[PDB]
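Next comes protein09.cif, with mmCIF, N, CA and C atoms.
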```cif
data_run
loop_
_atom_site.label_atom_id
_atom_site.label_comp_id
_atom_site.auth_asym_id
_atom_site.auth_seq_id
_atom_site.Cartn_x
_atom_site.Cartn_y
_atom_site.Cartn_z
N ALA A 1 -6.25 1.40 9.23
CA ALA A 1 -5.33 1.26 8.10
C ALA A 1 -3.93 0.85 8.57
N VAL A 2 -3.65 -0.44 8.52
CA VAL A 2 -2.35 -0.96 8.94
C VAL A 2 -1.52 -1.42 7.75
N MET A 3 -0.20 -1.34 7.89
CA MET A 3 0.71 -1.70 6.81
C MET A 3 0.32 -3.02 6.13
N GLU A 4 0.02 -4.03 6.94
CA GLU A 4 -0.32 -5.35 6.41
C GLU A 4 -1.60 -5.34 5.57
N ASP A 5 -2.49 -4.39 5.85
CA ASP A 5 -3.77 -4.32 5.14
C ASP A 5 -3.62 -4.11 3.64
N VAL A 6 -2.50 -3.52 3.23
CA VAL A 6 -2.30 -3.21 1.82
C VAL A 6 -1.20 -4.08 1.21
N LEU A 7 -0.19 -4.41 2.00
CA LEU A 7 0.94 -5.16 1.50
C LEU A 7 0.62 -6.65 1.32
N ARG A 8 -0.22 -7.20 2.19
CA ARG A 8 -0.58 -8.62 2.09
C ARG A 8 -1.33 -8.93 0.79
N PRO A 9 -2.45 -8.22 0.54
CA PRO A 9 -3.21 -8.44 -0.70
C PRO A 9 -2.33 -8.28 -1.94
N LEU A 10 -1.30 -7.45 -1.81
CA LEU A 10 -0.42 -7.13 -2.92
C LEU A 10 0.51 -8.29 -3.20
N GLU A 11 1.24 -8.71 -2.18
CA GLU A 11 2.17 -9.81 -2.34
C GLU A 11 1.41 -11.12 -2.59
N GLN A 12 0.12 -11.11 -2.31
CA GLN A 12 -0.76 -12.20 -2.71
C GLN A 12 -0.98 -12.12 -4.21
N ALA A 13 -1.22 -10.91 -4.70
CA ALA A 13 -1.40 -10.67 -6.13
C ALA A 13 -0.15 -11.06 -6.89
N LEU A 14 1.00 -10.64 -6.37
CA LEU A 14 2.28 -10.89 -7.03
C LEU A 14 2.57 -12.38 -7.18
N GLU A 15 2.16 -13.17 -6.21
CA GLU A 15 2.47 -14.59 -6.24
C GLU A 15 1.52 -15.34 -7.16
N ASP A 16 0.30 -14.83 -7.29
CA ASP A 16 -0.66 -15.40 -8.22
C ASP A 16 -0.25 -15.13 -9.66
N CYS A 17 0.74 -14.28 -9.83
CA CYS A 17 1.22 -13.90 -11.15
C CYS A 17 2.58 -14.51 -11.47
N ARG A 18 3.20 -15.13 -10.47
CA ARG A 18 4.58 -15.58 -10.60
C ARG A 18 4.83 -16.52 -11.77
N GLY A 19 3.97 -17.51 -11.94
CA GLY A 19 4.15 -18.50 -12.98
C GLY A 19 3.68 -18.05 -14.35
N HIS A 20 2.95 -16.94 -14.41
CA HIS A 20 2.25 -16.56 -15.62
C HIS A 20 2.79 -15.27 -16.24
N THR A 21 3.52 -14.48 -15.46
CA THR A 21 4.16 -13.28 -15.97
C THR A 21 5.67 -13.44 -15.91
N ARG A 22 6.38 -12.76 -16.79
CA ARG A 22 7.83 -12.87 -16.85
C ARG A 22 8.45 -12.71 -15.47
N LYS A 23 9.25 -13.69 -15.07
CA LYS A 23 9.92 -13.66 -13.78
C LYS A 23 10.69 -12.36 -13.62
N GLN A 24 11.24 -11.88 -14.73
CA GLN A 24 12.05 -10.66 -14.75
C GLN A 24 11.29 -9.45 -14.21
N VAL A 25 9.99 -9.37 -14.52
CA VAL A 25 9.20 -8.23 -14.09
C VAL A 25 8.58 -8.51 -12.72
N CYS A 26 8.36 -9.79 -12.43
CA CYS A 26 7.87 -10.19 -11.11
C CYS A 26 8.86 -9.75 -10.05
N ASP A 27 10.14 -9.89 -10.35
CA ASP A 27 11.20 -9.51 -9.42
C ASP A 27 11.23 -8.00 -9.26
N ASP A 28 11.08 -7.28 -10.36
CA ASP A 28 11.04 -5.83 -10.32
C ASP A 28 9.97 -5.41 -9.32
N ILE A 29 8.77 -5.94 -9.49
CA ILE A 29 7.63 -5.60 -8.64
C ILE A 29 7.94 -5.91 -7.18
N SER A 30 8.54 -7.07 -6.94
CA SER A 30 8.88 -7.48 -5.59
C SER A 30 9.81 -6.47 -4.93
N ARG A 31 10.77 -5.95 -5.69
CA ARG A 31 11.74 -5.01 -5.15
C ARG A 31 11.10 -3.67 -4.81
N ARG A 32 10.12 -3.26 -5.61
CA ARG A 32 9.43 -2.00 -5.36
C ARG A 32 8.44 -2.16 -4.21
N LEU A 33 7.90 -3.36 -4.07
CA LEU A 33 7.01 -3.69 -2.97
C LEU A 33 7.76 -3.60 -1.64
N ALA A 34 9.06 -3.90 -1.68
CA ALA A 34 9.89 -3.86 -0.49
C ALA A 34 10.10 -2.43 -0.03
N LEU A 35 10.26 -1.52 -0.99
CA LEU A 35 10.44 -0.12 -0.68
C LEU A 35 9.18 0.43 -0.05
N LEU A 36 8.04 0.05 -0.60
CA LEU A 36 6.76 0.46 -0.05
C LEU A 36 6.71 0.14 1.43
N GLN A 37 7.06 -1.10 1.78
CA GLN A 37 7.08 -1.53 3.17
C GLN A 37 8.12 -0.74 3.96
N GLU A 38 9.36 -0.75 3.48
CA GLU A 38 10.44 -0.02 4.11
C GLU A 38 10.05 1.44 4.32
N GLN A 39 9.44 2.03 3.30
CA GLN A 39 9.07 3.44 3.31
C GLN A 39 7.87 3.67 4.23
N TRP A 40 6.98 2.68 4.30
CA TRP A 40 5.82 2.75 5.17
C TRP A 40 6.27 2.71 6.63
N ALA A 41 6.98 1.65 6.99
CA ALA A 41 7.45 1.46 8.35
C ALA A 41 8.45 2.54 8.74
N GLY A 42 9.19 3.05 7.76
CA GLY A 42 10.17 4.09 8.01
C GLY A 42 9.52 5.37 8.51
N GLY A 43 8.23 5.53 8.24
CA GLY A 43 7.50 6.71 8.66
C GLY A 43 7.57 7.82 7.63
N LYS A 44 7.92 7.45 6.40
CA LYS A 44 8.07 8.42 5.33
C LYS A 44 6.80 8.49 4.48
N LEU A 45 5.70 8.01 5.04
CA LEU A 45 4.45 7.89 4.29
C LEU A 45 3.34 8.67 4.97
N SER A 46 2.62 9.48 4.18
CA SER A 46 1.55 10.31 4.72
C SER A 46 0.26 9.51 4.83
N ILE A 47 -0.60 9.93 5.73
CA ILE A 47 -1.81 9.18 6.03
C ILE A 47 -2.77 9.11 4.84
N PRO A 48 -2.94 10.22 4.12
CA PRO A 48 -3.85 10.24 2.97
C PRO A 48 -3.53 9.17 1.93
N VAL A 49 -2.25 8.86 1.73
CA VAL A 49 -1.88 7.88 0.71
C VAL A 49 -2.04 6.48 1.28
N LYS A 50 -1.83 6.34 2.59
CA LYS A 50 -2.09 5.08 3.26
C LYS A 50 -3.56 4.74 3.13
N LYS A 51 -4.41 5.75 3.27
CA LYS A 51 -5.85 5.57 3.16
C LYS A 51 -6.23 5.12 1.75
N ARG A 52 -5.67 5.78 0.75
CA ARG A 52 -6.02 5.50 -0.64
C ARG A 52 -5.43 4.18 -1.12
N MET A 53 -4.25 3.83 -0.61
CA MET A 53 -3.65 2.53 -0.94
C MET A 53 -4.55 1.42 -0.42
N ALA A 54 -5.09 1.60 0.78
CA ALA A 54 -6.05 0.66 1.33
C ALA A 54 -7.21 0.50 0.36
N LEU A 55 -7.79 1.62 -0.05
CA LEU A 55 -8.89 1.59 -1.01
C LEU A 55 -8.47 0.87 -2.28
N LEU A 56 -7.37 1.32 -2.86
CA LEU A 56 -6.84 0.71 -4.08
C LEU A 56 -6.80 -0.80 -3.93
N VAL A 57 -6.29 -1.26 -2.79
CA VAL A 57 -6.10 -2.69 -2.55
C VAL A 57 -7.42 -3.46 -2.46
N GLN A 58 -8.45 -2.82 -1.90
CA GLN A 58 -9.77 -3.42 -1.81
C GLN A 58 -10.40 -3.58 -3.19
N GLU A 59 -10.04 -2.69 -4.11
CA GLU A 59 -10.64 -2.66 -5.44
C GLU A 59 -10.32 -3.91 -6.26
N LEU A 60 -9.18 -4.54 -5.99
CA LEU A 60 -8.79 -5.69 -6.79
C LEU A 60 -9.00 -6.98 -6.01
N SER A 61 -9.39 -6.84 -4.75
CA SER A 61 -10.00 -7.94 -4.03
C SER A 61 -11.38 -8.15 -4.65
N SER A 62 -11.97 -7.06 -5.12
CA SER A 62 -13.25 -7.09 -5.82
C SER A 62 -13.05 -7.24 -7.33
N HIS A 63 -11.79 -7.28 -7.75
CA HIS A 63 -11.45 -7.45 -9.17
C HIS A 63 -11.97 -6.28 -10.01
N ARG A 64 -12.15 -5.13 -9.36
CA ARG A 64 -12.52 -3.90 -10.04
C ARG A 64 -11.26 -3.16 -10.47
N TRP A 65 -10.69 -3.60 -11.59
CA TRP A 65 -9.38 -3.14 -12.03
C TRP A 65 -9.36 -1.64 -12.34
N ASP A 66 -10.33 -1.19 -13.12
CA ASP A 66 -10.36 0.20 -13.57
C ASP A 66 -10.47 1.17 -12.40
N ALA A 67 -11.21 0.77 -11.37
CA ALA A 67 -11.33 1.59 -10.17
C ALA A 67 -9.97 1.69 -9.48
N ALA A 68 -9.23 0.59 -9.48
CA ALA A 68 -7.90 0.56 -8.89
C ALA A 68 -6.95 1.46 -9.67
N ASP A 69 -7.11 1.49 -10.99
CA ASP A 69 -6.29 2.35 -11.84
C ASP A 69 -6.55 3.82 -11.53
N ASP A 70 -7.82 4.18 -11.42
CA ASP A 70 -8.20 5.57 -11.18
C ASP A 70 -7.68 6.07 -9.83
N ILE A 71 -7.67 5.20 -8.84
CA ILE A 71 -7.14 5.55 -7.53
C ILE A 71 -5.63 5.74 -7.62
N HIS A 72 -4.97 4.81 -8.30
CA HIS A 72 -3.53 4.91 -8.53
C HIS A 72 -3.19 6.20 -9.27
N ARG A 73 -4.02 6.57 -10.24
CA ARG A 73 -3.82 7.80 -10.99
C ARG A 73 -3.98 9.02 -10.09
N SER A 74 -5.01 8.99 -9.26
CA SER A 74 -5.24 10.07 -8.30
C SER A 74 -4.02 10.26 -7.42
N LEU A 75 -3.44 9.15 -6.95
CA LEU A 75 -2.27 9.20 -6.09
C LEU A 75 -1.06 9.79 -6.80
N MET A 76 -0.94 9.53 -8.10
CA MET A 76 0.20 10.02 -8.86
C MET A 76 0.18 11.54 -8.97
N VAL A 77 -0.97 12.10 -9.31
CA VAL A 77 -1.07 13.54 -9.55
C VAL A 77 -1.03 14.35 -8.25
N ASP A 78 -1.46 13.74 -7.15
CA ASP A 78 -1.55 14.46 -5.88
C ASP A 78 -0.38 14.17 -4.94
N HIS A 79 0.19 12.97 -5.05
CA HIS A 79 1.27 12.56 -4.14
C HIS A 79 2.42 11.90 -4.88
N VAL A 80 2.82 12.46 -6.01
CA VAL A 80 3.92 11.88 -6.79
C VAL A 80 5.16 11.71 -5.92
N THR A 81 5.42 12.71 -5.09
CA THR A 81 6.58 12.73 -4.21
C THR A 81 6.81 11.40 -3.50
N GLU A 82 5.80 10.97 -2.74
CA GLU A 82 5.97 9.87 -1.80
C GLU A 82 5.65 8.49 -2.40
N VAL A 83 5.32 8.46 -3.69
CA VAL A 83 4.97 7.19 -4.34
C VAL A 83 5.78 6.91 -5.61
N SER A 84 6.46 7.92 -6.13
CA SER A 84 7.19 7.78 -7.39
C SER A 84 8.14 6.58 -7.39
N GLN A 85 8.65 6.23 -6.22
CA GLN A 85 9.66 5.19 -6.11
C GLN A 85 9.09 3.79 -6.36
N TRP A 86 7.85 3.56 -5.93
CA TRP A 86 7.27 2.22 -5.99
C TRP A 86 5.93 2.13 -6.71
N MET A 87 5.30 3.26 -7.00
CA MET A 87 3.95 3.25 -7.56
C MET A 87 3.90 2.48 -8.88
N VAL A 88 4.86 2.73 -9.76
CA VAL A 88 4.93 2.02 -11.03
C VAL A 88 4.83 0.52 -10.82
N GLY A 89 5.39 0.04 -9.71
CA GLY A 89 5.36 -1.37 -9.39
C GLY A 89 3.95 -1.90 -9.21
N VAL A 90 3.08 -1.10 -8.60
CA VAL A 90 1.74 -1.57 -8.28
C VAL A 90 0.84 -1.37 -9.50
N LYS A 91 1.15 -0.36 -10.30
CA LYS A 91 0.45 -0.14 -11.55
C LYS A 91 0.61 -1.37 -12.43
N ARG A 92 1.85 -1.84 -12.56
CA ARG A 92 2.13 -3.03 -13.35
C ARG A 92 1.42 -4.24 -12.76
N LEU A 93 1.40 -4.32 -11.44
CA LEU A 93 0.81 -5.46 -10.76
C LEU A 93 -0.68 -5.57 -11.07
N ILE A 94 -1.36 -4.43 -11.15
CA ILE A 94 -2.78 -4.41 -11.47
C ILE A 94 -3.00 -4.96 -12.88
N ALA A 95 -2.19 -4.49 -13.82
CA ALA A 95 -2.28 -4.92 -15.21
C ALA A 95 -2.02 -6.41 -15.34
N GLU A 96 -0.93 -6.86 -14.73
CA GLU A 96 -0.52 -8.26 -14.81
C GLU A 96 -1.61 -9.20 -14.32
N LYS A 97 -2.33 -8.76 -13.30
CA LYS A 97 -3.27 -9.62 -12.62
C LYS A 97 -4.64 -9.59 -13.28
N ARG A 98 -4.97 -8.46 -13.91
CA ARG A 98 -6.22 -8.34 -14.64
C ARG A 98 -6.17 -9.22 -15.88
N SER A 99 -4.98 -9.38 -16.44
CA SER A 99 -4.78 -10.23 -17.61
C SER A 99 -4.91 -11.70 -17.24
N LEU A 100 -4.81 -12.00 -15.96
CA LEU A 100 -4.96 -13.37 -15.49
C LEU A 100 -6.43 -13.77 -15.45
N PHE A 101 -7.31 -12.77 -15.37
CA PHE A 101 -8.75 -13.00 -15.30
C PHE A 101 -9.29 -13.28 -16.69
N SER A 102 -8.64 -12.73 -17.70
CA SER A 102 -8.70 -12.70 -19.15
C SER A 102 -8.45 -14.11 -19.68
#
```

Starting from the file, lay out its structure as structure tokens.
Amino acid sequence: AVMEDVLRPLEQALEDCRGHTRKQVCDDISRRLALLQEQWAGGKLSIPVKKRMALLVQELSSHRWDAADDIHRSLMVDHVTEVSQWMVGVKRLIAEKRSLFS
């Protein structure tokens, strides 16, 4: 589980949404994605959430949106502390991108 394993698929998702979702919210997501990285590399991130973020990220490589939501939800109730700053960003990203499949 390496930082790039979760951030790459994400910023890939964000860019696939750039032209189709409001730029205003795309930027919001980008800024929260930066904290995730900063916070990850900073060493302020616990292993269990790194593990689940990896899982979460694989779920939308498979386009299994609802599974990604449930993992994100699990992370909120168990690790609100270390994700509250950026989690909303990835929640929105899942929604934005599932609507692109639509």

Could you go through chain A and tell me which residues DSSP, when run on the backbone, assigns to helix (DSSP H, G or I), listing them as a short mmCIF file (atom, residue, chain, number, x, y, z; two decimals) with N, CA and C atoms, in the coordinates of the input?
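Output saved as out.cif:
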```
data_model
loop_
_atom_site.label_atom_id
_atom_site.label_comp_id
_atom_site.auth_asym_id
_atom_site.auth_seq_id
_atom_site.Cartn_x
_atom_site.Cartn_y
_atom_site.Cartn_z
N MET A 3 -0.20 -1.34 7.89
CA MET A 3 0.71 -1.70 6.81
C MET A 3 0.32 -3.02 6.13
N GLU A 4 0.02 -4.03 6.94
CA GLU A 4 -0.32 -5.35 6.41
C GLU A 4 -1.60 -5.34 5.57
N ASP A 5 -2.49 -4.39 5.85
CA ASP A 5 -3.77 -4.32 5.14
C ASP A 5 -3.62 -4.11 3.64
N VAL A 6 -2.50 -3.52 3.23
CA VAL A 6 -2.30 -3.21 1.82
C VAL A 6 -1.20 -4.08 1.21
N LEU A 7 -0.19 -4.41 2.00
CA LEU A 7 0.94 -5.16 1.50
C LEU A 7 0.62 -6.65 1.32
N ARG A 8 -0.22 -7.20 2.19
CA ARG A 8 -0.58 -8.62 2.09
C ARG A 8 -1.33 -8.93 0.79
N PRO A 9 -2.45 -8.22 0.54
CA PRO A 9 -3.21 -8.44 -0.70
C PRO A 9 -2.33 -8.28 -1.94
N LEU A 10 -1.30 -7.45 -1.81
CA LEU A 10 -0.42 -7.13 -2.92
C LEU A 10 0.51 -8.29 -3.20
N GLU A 11 1.24 -8.71 -2.18
CA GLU A 11 2.17 -9.81 -2.34
C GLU A 11 1.41 -11.12 -2.59
N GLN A 12 0.12 -11.11 -2.31
CA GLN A 12 -0.76 -12.20 -2.71
C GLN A 12 -0.98 -12.12 -4.21
N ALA A 13 -1.22 -10.91 -4.70
CA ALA A 13 -1.40 -10.67 -6.13
C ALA A 13 -0.15 -11.06 -6.89
N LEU A 14 1.00 -10.64 -6.37
CA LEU A 14 2.28 -10.89 -7.03
C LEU A 14 2.57 -12.38 -7.18
N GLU A 15 2.16 -13.17 -6.21
CA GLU A 15 2.47 -14.59 -6.24
C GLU A 15 1.52 -15.34 -7.16
N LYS A 23 9.25 -13.69 -15.07
CA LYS A 23 9.92 -13.66 -13.78
C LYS A 23 10.69 -12.36 -13.62
N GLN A 24 11.24 -11.88 -14.73
CA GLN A 24 12.05 -10.66 -14.75
C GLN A 24 11.29 -9.45 -14.21
N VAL A 25 9.99 -9.37 -14.52
CA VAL A 25 9.20 -8.23 -14.09
C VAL A 25 8.58 -8.51 -12.72
N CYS A 26 8.36 -9.79 -12.43
CA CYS A 26 7.87 -10.19 -11.11
C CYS A 26 8.86 -9.75 -10.05
N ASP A 27 10.14 -9.89 -10.35
CA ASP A 27 11.20 -9.51 -9.42
C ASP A 27 11.23 -8.00 -9.26
N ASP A 28 11.08 -7.28 -10.36
CA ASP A 28 11.04 -5.83 -10.32
C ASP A 28 9.97 -5.41 -9.32
N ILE A 29 8.77 -5.94 -9.49
CA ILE A 29 7.63 -5.60 -8.64
C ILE A 29 7.94 -5.91 -7.18
N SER A 30 8.54 -7.07 -6.94
CA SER A 30 8.88 -7.48 -5.59
C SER A 30 9.81 -6.47 -4.93
N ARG A 31 10.77 -5.95 -5.69
CA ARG A 31 11.74 -5.01 -5.15
C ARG A 31 11.10 -3.67 -4.81
N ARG A 32 10.12 -3.26 -5.61
CA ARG A 32 9.43 -2.00 -5.36
C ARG A 32 8.44 -2.16 -4.21
N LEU A 33 7.90 -3.36 -4.07
CA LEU A 33 7.01 -3.69 -2.97
C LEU A 33 7.76 -3.60 -1.64
N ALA A 34 9.06 -3.90 -1.68
CA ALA A 34 9.89 -3.86 -0.49
C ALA A 34 10.10 -2.43 -0.03
N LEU A 35 10.26 -1.52 -0.99
CA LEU A 35 10.44 -0.12 -0.68
C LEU A 35 9.18 0.43 -0.05
N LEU A 36 8.04 0.05 -0.60
CA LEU A 36 6.76 0.46 -0.05
C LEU A 36 6.71 0.14 1.43
N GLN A 37 7.06 -1.10 1.78
CA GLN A 37 7.08 -1.53 3.17
C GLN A 37 8.12 -0.74 3.96
N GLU A 38 9.36 -0.75 3.48
CA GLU A 38 10.44 -0.02 4.11
C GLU A 38 10.05 1.44 4.32
N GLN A 39 9.44 2.03 3.30
CA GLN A 39 9.07 3.44 3.31
C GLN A 39 7.87 3.67 4.23
N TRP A 40 6.98 2.68 4.30
CA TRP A 40 5.82 2.75 5.17
C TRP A 40 6.27 2.71 6.63
N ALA A 41 6.98 1.65 6.99
CA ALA A 41 7.45 1.46 8.35
C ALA A 41 8.45 2.54 8.74
N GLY A 42 9.19 3.05 7.76
CA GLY A 42 10.17 4.09 8.01
C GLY A 42 9.52 5.37 8.51
N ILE A 47 -0.60 9.93 5.73
CA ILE A 47 -1.81 9.18 6.03
C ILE A 47 -2.77 9.11 4.84
N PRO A 48 -2.94 10.22 4.12
CA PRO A 48 -3.85 10.24 2.97
C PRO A 48 -3.53 9.17 1.93
N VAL A 49 -2.25 8.86 1.73
CA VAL A 49 -1.88 7.88 0.71
C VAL A 49 -2.04 6.48 1.28
N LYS A 50 -1.83 6.34 2.59
CA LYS A 50 -2.09 5.08 3.26
C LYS A 50 -3.56 4.74 3.13
N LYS A 51 -4.41 5.75 3.27
CA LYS A 51 -5.85 5.57 3.16
C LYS A 51 -6.23 5.12 1.75
N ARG A 52 -5.67 5.78 0.75
CA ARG A 52 -6.02 5.50 -0.64
C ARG A 52 -5.43 4.18 -1.12
N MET A 53 -4.25 3.83 -0.61
CA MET A 53 -3.65 2.53 -0.94
C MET A 53 -4.55 1.42 -0.42
N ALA A 54 -5.09 1.60 0.78
CA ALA A 54 -6.05 0.66 1.33
C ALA A 54 -7.21 0.50 0.36
N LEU A 55 -7.79 1.62 -0.05
CA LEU A 55 -8.89 1.59 -1.01
C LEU A 55 -8.47 0.87 -2.28
N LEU A 56 -7.37 1.32 -2.86
CA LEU A 56 -6.84 0.71 -4.08
C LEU A 56 -6.80 -0.80 -3.93
N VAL A 57 -6.29 -1.26 -2.79
CA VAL A 57 -6.10 -2.69 -2.55
C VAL A 57 -7.42 -3.46 -2.46
N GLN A 58 -8.45 -2.82 -1.90
CA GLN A 58 -9.77 -3.42 -1.81
C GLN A 58 -10.40 -3.58 -3.19
N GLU A 59 -10.04 -2.69 -4.11
CA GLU A 59 -10.64 -2.66 -5.44
C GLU A 59 -10.32 -3.91 -6.26
N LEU A 60 -9.18 -4.54 -5.99
CA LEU A 60 -8.79 -5.69 -6.79
C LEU A 60 -9.00 -6.98 -6.01
N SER A 61 -9.39 -6.84 -4.75
CA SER A 61 -10.00 -7.94 -4.03
C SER A 61 -11.38 -8.15 -4.65
N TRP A 65 -10.69 -3.60 -11.59
CA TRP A 65 -9.38 -3.14 -12.03
C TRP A 65 -9.36 -1.64 -12.34
N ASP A 66 -10.33 -1.19 -13.12
CA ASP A 66 -10.36 0.20 -13.57
C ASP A 66 -10.47 1.17 -12.40
N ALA A 67 -11.21 0.77 -11.37
CA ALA A 67 -11.33 1.59 -10.17
C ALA A 67 -9.97 1.69 -9.48
N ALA A 68 -9.23 0.59 -9.48
CA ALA A 68 -7.90 0.56 -8.89
C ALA A 68 -6.95 1.46 -9.67
N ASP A 69 -7.11 1.49 -10.99
CA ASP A 69 -6.29 2.35 -11.84
C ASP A 69 -6.55 3.82 -11.53
N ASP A 70 -7.82 4.18 -11.42
CA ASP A 70 -8.20 5.57 -11.18
C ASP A 70 -7.68 6.07 -9.83
N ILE A 71 -7.67 5.20 -8.84
CA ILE A 71 -7.14 5.55 -7.53
C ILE A 71 -5.63 5.74 -7.62
N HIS A 72 -4.97 4.81 -8.30
CA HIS A 72 -3.53 4.91 -8.53
C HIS A 72 -3.19 6.20 -9.27
N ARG A 73 -4.02 6.57 -10.24
CA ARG A 73 -3.82 7.80 -10.99
C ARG A 73 -3.98 9.02 -10.09
N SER A 74 -5.01 8.99 -9.26
CA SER A 74 -5.24 10.07 -8.30
C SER A 74 -4.02 10.26 -7.42
N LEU A 75 -3.44 9.15 -6.95
CA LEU A 75 -2.27 9.20 -6.09
C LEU A 75 -1.06 9.79 -6.80
N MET A 76 -0.94 9.53 -8.10
CA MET A 76 0.20 10.02 -8.86
C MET A 76 0.18 11.54 -8.97
N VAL A 77 -0.97 12.10 -9.31
CA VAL A 77 -1.07 13.54 -9.55
C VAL A 77 -1.03 14.35 -8.25
N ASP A 78 -1.46 13.74 -7.15
CA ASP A 78 -1.55 14.46 -5.88
C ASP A 78 -0.38 14.17 -4.94
N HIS A 79 0.19 12.97 -5.05
CA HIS A 79 1.27 12.56 -4.14
C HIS A 79 2.42 11.90 -4.88
N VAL A 80 2.82 12.46 -6.01
CA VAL A 80 3.92 11.88 -6.79
C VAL A 80 5.16 11.71 -5.92
N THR A 81 5.42 12.71 -5.09
CA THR A 81 6.58 12.73 -4.21
C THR A 81 6.81 11.40 -3.50
N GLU A 82 5.80 10.97 -2.74
CA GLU A 82 5.97 9.87 -1.80
C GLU A 82 5.65 8.49 -2.40
N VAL A 83 5.32 8.46 -3.69
CA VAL A 83 4.97 7.19 -4.34
C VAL A 83 5.78 6.91 -5.61
N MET A 87 5.30 3.26 -7.00
CA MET A 87 3.95 3.25 -7.56
C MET A 87 3.90 2.48 -8.88
N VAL A 88 4.86 2.73 -9.76
CA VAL A 88 4.93 2.02 -11.03
C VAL A 88 4.83 0.52 -10.82
N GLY A 89 5.39 0.04 -9.71
CA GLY A 89 5.36 -1.37 -9.39
C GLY A 89 3.95 -1.90 -9.21
N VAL A 90 3.08 -1.10 -8.60
CA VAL A 90 1.74 -1.57 -8.28
C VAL A 90 0.84 -1.37 -9.50
N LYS A 91 1.15 -0.36 -10.30
CA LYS A 91 0.45 -0.14 -11.55
C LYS A 91 0.61 -1.37 -12.43
N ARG A 92 1.85 -1.84 -12.56
CA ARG A 92 2.13 -3.03 -13.35
C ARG A 92 1.42 -4.24 -12.76
N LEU A 93 1.40 -4.32 -11.44
CA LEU A 93 0.81 -5.46 -10.76
C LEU A 93 -0.68 -5.57 -11.07
N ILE A 94 -1.36 -4.43 -11.15
CA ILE A 94 -2.78 -4.41 -11.47
C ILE A 94 -3.00 -4.96 -12.88
N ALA A 95 -2.19 -4.49 -13.82
CA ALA A 95 -2.28 -4.92 -15.21
C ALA A 95 -2.02 -6.41 -15.34
N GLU A 96 -0.93 -6.86 -14.73
CA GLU A 96 -0.52 -8.26 -14.81
C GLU A 96 -1.61 -9.20 -14.32
N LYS A 97 -2.33 -8.76 -13.30
CA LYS A 97 -3.27 -9.62 -12.62
C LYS A 97 -4.64 -9.59 -13.28
N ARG A 98 -4.97 -8.46 -13.91
CA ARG A 98 -6.22 -8.34 -14.64
C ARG A 98 -6.17 -9.22 -15.88
N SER A 99 -4.98 -9.38 -16.44
CA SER A 99 -4.78 -10.23 -17.61
C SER A 99 -4.91 -11.70 -17.24
N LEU A 100 -4.81 -12.00 -15.96
CA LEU A 100 -4.96 -13.37 -15.49
C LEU A 100 -6.43 -13.77 -15.45
N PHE A 101 -7.31 -12.77 -15.37
CA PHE A 101 -8.75 -13.00 -15.30
C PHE A 101 -9.29 -13.28 -16.69
#
```

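All residues that come within 6 Å of the coordinates (-6.9, -0.6, -7.1), counting only N, CA and C atoms, are given as residues 55, 56, 57, 58, 59, 60, 65, 67, 68, 69 and 72 of chain A.
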
Close residues, residue 52 (chain A) itself excluded, 9 Å, only C-alpha atoms, min 6 positions apart in chain, as a ChimeraX atom specification:
/A:71-72,74-75

At a cut-off of 8 Å from (6.7, -2.2, -12.5) in the coordinates of the file, what residues are picked up using only N, CA and C atoms, written as JSON, numbers by chain?
{"A": [25, 26, 28, 29, 30, 32, 86, 87, 88, 89, 90, 91, 92, 93]}

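Take CA of residue 44 (chain A) and CA of residue 13 (chain A): the distance between them is 24.2 Å.
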
Residues at most 8 Å from residue 20 (chain A), counting only N, CA and C atoms, excluding those fewer than 5 positions away in the same chain, as a VMD selection string?
chain A and resid 15 96 100

Can you write out the residues you just picked, keeping N, CA and C atoms, as a short mmCIF file (atom, residue, chain, number, x, y, z; two decimals), keeping the file's coordinate frame?
```cif
data_model
loop_
_atom_site.label_atom_id
_atom_site.label_comp_id
_atom_site.auth_asym_id
_atom_site.auth_seq_id
_atom_site.Cartn_x
_atom_site.Cartn_y
_atom_site.Cartn_z
N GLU A 15 2.16 -13.17 -6.21
CA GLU A 15 2.47 -14.59 -6.24
C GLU A 15 1.52 -15.34 -7.16
N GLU A 96 -0.93 -6.86 -14.73
CA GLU A 96 -0.52 -8.26 -14.81
C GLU A 96 -1.61 -9.20 -14.32
N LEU A 100 -4.81 -12.00 -15.96
CA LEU A 100 -4.96 -13.37 -15.49
C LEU A 100 -6.43 -13.77 -15.45
#
```

Complete the atoms of region 49-54 of chain A to N, CA, C and O atoms and put them out as an mmCIF file, in the coordinates of the input.
```
data_model
loop_
_atom_site.group_PDB
_atom_site.id
_atom_site.type_symbol
_atom_site.label_atom_id
_atom_site.label_comp_id
_atom_site.auth_asym_id
_atom_site.auth_seq_id
_atom_site.Cartn_x
_atom_site.Cartn_y
_atom_site.Cartn_z
ATOM 1 N N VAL A 49 -2.250 8.860 1.730
ATOM 2 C CA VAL A 49 -1.880 7.880 0.710
ATOM 3 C C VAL A 49 -2.040 6.480 1.280
ATOM 4 O O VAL A 49 -2.358 5.535 0.556
ATOM 5 N N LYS A 50 -1.830 6.340 2.590
ATOM 6 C CA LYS A 50 -2.090 5.080 3.260
ATOM 7 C C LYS A 50 -3.560 4.740 3.130
ATOM 8 O O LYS A 50 -3.929 3.588 2.905
ATOM 9 N N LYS A 51 -4.410 5.750 3.270
ATOM 10 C CA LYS A 51 -5.850 5.570 3.160
ATOM 11 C C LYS A 51 -6.230 5.120 1.750
ATOM 12 O O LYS A 51 -7.025 4.199 1.577
ATOM 13 N N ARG A 52 -5.670 5.780 0.750
ATOM 14 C CA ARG A 52 -6.020 5.500 -0.640
ATOM 15 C C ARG A 52 -5.430 4.180 -1.120
ATOM 16 O O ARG A 52 -6.036 3.488 -1.935
ATOM 17 N N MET A 53 -4.250 3.830 -0.610
ATOM 18 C CA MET A 53 -3.650 2.530 -0.940
ATOM 19 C C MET A 53 -4.550 1.420 -0.420
ATOM 20 O O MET A 53 -4.743 0.405 -1.095
ATOM 21 N N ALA A 54 -5.090 1.600 0.780
ATOM 22 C CA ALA A 54 -6.050 0.660 1.330
ATOM 23 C C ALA A 54 -7.210 0.500 0.360
ATOM 24 O O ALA A 54 -7.558 -0.621 -0.016
#
```
